[PDB]
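Engineer: Protein chains in written order, with the deposited numbering: chain A, 5 to 106; chain B, 2 to 138. The structure that follows is given in the form of structure tokens.
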Amino acid sequence: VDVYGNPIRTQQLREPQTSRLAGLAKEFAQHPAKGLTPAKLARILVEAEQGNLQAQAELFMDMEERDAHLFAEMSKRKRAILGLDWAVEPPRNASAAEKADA
Amino acid sequence: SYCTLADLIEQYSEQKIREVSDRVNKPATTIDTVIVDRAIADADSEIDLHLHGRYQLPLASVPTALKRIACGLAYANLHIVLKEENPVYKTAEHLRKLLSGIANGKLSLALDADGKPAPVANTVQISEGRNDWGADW
Numbered sequence: 005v006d007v008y009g010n011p012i013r014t015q016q017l018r019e020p021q022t023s024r025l026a027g028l029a030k031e032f033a034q035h036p037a038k039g040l041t042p043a044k045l046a047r048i049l050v051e052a053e054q055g056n057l058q059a060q061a062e063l064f065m066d067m068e069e070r071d072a073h074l075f076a077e078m079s080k081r082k083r084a085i086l087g088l089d090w091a092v093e094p095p096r097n098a099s100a101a102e103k104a105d106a
Numbered sequence: 002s003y004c005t006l007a008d009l010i011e012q013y014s015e016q017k018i019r020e021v022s023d024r025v026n027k028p029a030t031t032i033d034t035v036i037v038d039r040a041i042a043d044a045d046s047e048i049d050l051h052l053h054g055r056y057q058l059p060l061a062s063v064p065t066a067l068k069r070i071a072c073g074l075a076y077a078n079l080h081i082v083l084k085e086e087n088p089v090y091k092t093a094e095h096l097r098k099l100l101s102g103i104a105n106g107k108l109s110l111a112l113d114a115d116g117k118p119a120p121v122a123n124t125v126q127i128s129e130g131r132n133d134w135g136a137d138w
């Protein structure tokens, strides 16, 4: 099973979940940043609070694309992580089998 | 039609209207309705010339002052020859002065029977007003 305990069935792993949702792959972003006013932004945020994340996600993408300073800051922050060396360590006082698994 | 033949008769008596309207019979016998209609139409046209810039043209109601002005101008128009010192000419000049005062915004067009006249939207116009960032966002 997974960490959360939900039962795991290997049958469903052969195909992606979204494969049976061919409608999603054909969509295009609506670009809600164009012609954006403070009232529109407030409505977008409030609607996102209620479960309509599509408009918020598209607005965030436009915001990332259209602002050079914000984009540079975010890119620098992410590249900071991307350059870190990483390793996999066994648990506290792990046994030989655990060390081999790690 | 701010005034009618009845208004002219009431203001100037039927005898005077007959005398200044009947041009073919001497002495006069009847009032010529066509001549009176043309005189009233001319008075209305002059009044509209004076009032076009502040009110709608096809007024649905006739203010009383407008009735008096129209009657005076119509009577003045029924005279083929009108000299400067004729008192009717002086009355017409006073009424024209009243009209000019109304046009220049010094006098207001009074009540018709109980309600106000209908001013034009000349003063209403403003650009539109751009005040984003002030809509309780």
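Idealized CB from N, CA, C, for every residue including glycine.
Can you find a CB in chain E that lies within less than 8 Å of the CB of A43 (chain A)?
Structural biologist: This model lacks chain E altogether, as its protein chains are A and B.
Engineer: What number of angstroms, rounded off, separates the C-alpha of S46 (chain B) from the C-alpha of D137 (chain B)?
Structural biologist: Rounded to the nearest whole angstrom, the C-alpha separation of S46 (chain B) and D137 (chain B) is 52 Å.
Engineer: Applying a beta-carbon distance threshold of less than 7 Å, which residues of chain A neighbour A136 (chain B)?
Structural biologist: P42, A43
Engineer: What did DSSP end up calling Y13 (chain B) once you bin it into helix, strand or coil?
Structural biologist: helix
Engineer: Can you pull the chain B residues whose beta carbon is under 7 Å from the beta carbon of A46 (chain A), in chain order?
Structural biologist: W138
Engineer: Compute the distance between the beta-carbons of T34 (chain B) and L79 (chain B), then report whether it is under 8 Å.
Structural biologist: Not a contact, by the Cβ cut-off of 8 Å.
Engineer: Compare the Cα-Cα distances from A33 (chain A) to each of A:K44, A:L25, A:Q58 and report the closest residue.
Structural biologist: A:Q58
Engineer: Would you list, in sequence order, the uninterrupted alpha helix (DSSP H) runs of no fewer than 4 residues that lie entirely inside the segment 25–101 of chain B?
Structural biologist: Scanning the segment 25–101 of chain B for uninterrupted alpha helix (DSSP H) segments of 4 residues or longer gives 34–52, 65–78, listed from N- to C-terminal end.
Engineer: Classify residue 1 (chain B) as buried or exposed, calling it buried when 16 or more other Cβ atoms lie within 10 Å of its own Cβ.
Structural biologist: There is no way to answer for residue 1 (chain B), as the model of chain B reaches only from 2 to 138.
Engineer: Counting along the chain, where does the alpha helix (DSSP H) carrying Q60 (chain A) start and finish?
Structural biologist: 57–70
Engineer: Mark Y8 (chain A) as exposed unless 16 or more other C-beta atoms lie within 10 angstroms of its C-beta, in which case mark it buried.
Structural biologist: exposed
Engineer: Report, in whole angstroms, the separation of the C-beta atoms of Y56 (chain B) and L9 (chain B), which I expect to be a contact under 8 Å.
Structural biologist: No, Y56 (chain B) and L9 (chain B) are not in contact; Cβ-Cβ is about 24 Å, not under 8 Å.
Engineer: Return helix, strand or coil for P42 (chain A), following the three-state DSSP convention.
Structural biologist: helix
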